[PDB]
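Visitor: Pasting the sequence and an experimental structure:
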Amino acid sequence: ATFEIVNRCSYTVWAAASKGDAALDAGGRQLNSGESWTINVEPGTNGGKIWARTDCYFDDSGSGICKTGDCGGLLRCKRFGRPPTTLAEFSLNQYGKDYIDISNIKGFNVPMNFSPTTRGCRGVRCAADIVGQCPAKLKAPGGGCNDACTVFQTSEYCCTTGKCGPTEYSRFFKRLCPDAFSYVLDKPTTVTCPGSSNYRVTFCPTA
């Protein structure tokens with residue numbers, strides 16, 4: 001499957017793509033404002049994620065640091081990124097269908113649209129100004145808006161027992177972005193697409 005990753009932000013981002021124990025495609029790349037990077041994701045990939053990283057420095061070997069979404073200091077990510085990270089999430093070719101969503105469960109750093117480029121389903125978007133509106137206690141001094149699990153490490157925020165409810169913090173993310181996951185047991189906003197659909201992830205879709 002093809003994923004075109006487009007940076008419409010006015011700032012550079014370092015795109016990342018992983019399934020947690022491996023890179024997807026090259027795993028990461030710099031995208032200056034306006035640039036597009038097309039990756040290939042193997043059919044059947046379960047639990048894949050794409051995200052943006054901000055304010056990164058990499059040396060000649062591809063090792064360094066980012067302020068949001070750092071994946072063990074690598075340009076080419078093999079693992080998931082450090083919160084806060086807005087997440088495009090997908091599982092492909094699962095009994096004949098693909099499943100996509102956007103999640104704020106690991107916080108929010110960059111606005112994003114995640115849409116099919118082929119027929120048969122609708123996209124999702126989380127493009128509100130979550131960083132600007134972020135509750136004071138969730139603001140990441142490194143940049144972005146942390147989720148409450150990251151900040152407070154409680155069973156209720158992290159859904160550790162599988163029994164949790166919405167919270168003041170999850171409701172903030174849900175109010176700003178109704179069509180993204182705000183906590184682990186949120187009413188799902190997953191979209192079912194045809195199996196083997198192709199996609200576009202656009203950072204800063206509104207400008």
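Guide: Thanks, I have the structure now. Numbering: from 1, shown residues only.

Visitor: For the rest of this, base every contact and every neighbour count on C-alpha atoms.
Guide: Fine.

Visitor: which residues of the chain fall in helices?
Guide: 130-133, 148-152, 155-158, 168-176 (DSSP state H).

Visitor: May I see those helices arranged in a markdown table, with mean neighbour count as well?
Guide: A markdown table is the format used below for the helices of the chain (neighbours: other CA atoms under 10 Å):
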| stretch | mean neighbour count |
| --- | --- |
| helix 130-133 | 16 |
| helix 148-152 | 17 |
| helix 155-158 | 18 |
| helix 168-176 | 18 |
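
Visitor: Make CSV out of these and add distance to residue 66.
Guide: What follows is the helices of the chain, written out as CSV (distance: least, CA to CA, whole Å):
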stretch, distance to residue 66
helix 130-133, 17
helix 148-152, 17
helix 155-158, 24
helix 168-176, 23
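
Visitor: Mind checking the ones you listed for the one nearest to residue 38?
Guide: helix 130-133 (27.0 Å; CA to CA).

Visitor: Would you pull up how far that closest one lies from the middle of the chain?
Guide: 16 Å (CA atoms, centre = their mean, to the nearest Å).

Visitor: Please save the CA atoms from it in PDB.
Guide: Extracted in PDB, the C-alpha atoms of helix 130-133 (Å, rounded to 0.1, in the frame of the first residue of the first chain):
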ATOM      1  CA  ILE A 130      -4.800  21.800  20.400                       C
ATOM      2  CA  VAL A 131      -1.300  23.100  21.200                       C
ATOM      3  CA  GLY A 132      -2.600  26.700  21.500                       C
ATOM      4  CA  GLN A 133      -5.600  25.700  23.600                       C
END
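
Visitor: what does it contact?
Guide: Surrounding helix 130-133, the residues in contact under the criterion CA atoms under 8 Å, 6 or more residues apart in numbering are 108-109, 139, 144-145, 173, 176.

Visitor: now do 10 Å
Guide: 107-111, 138-140, 143-146, 172-173, 175-177 (CA atoms under 10 Å, 6 or more residues apart in numbering).

Visitor: of these, buried ones?
Guide: 107-111, 138-140, 143-146, 172-173, 176-177 (16 or more other CA atoms under 10 Å).

Visitor: Strands - which of the residues you listed land there?
Guide: Among these, no member falls in strands (criterion: DSSP state E).

Visitor: Geometric centre of the chain: which residue is closest?
Guide: Centrality entry for the chain: nearest residue to the mean C-alpha point is residue 87, 1.3 Å, by CA atoms, centre = their mean.
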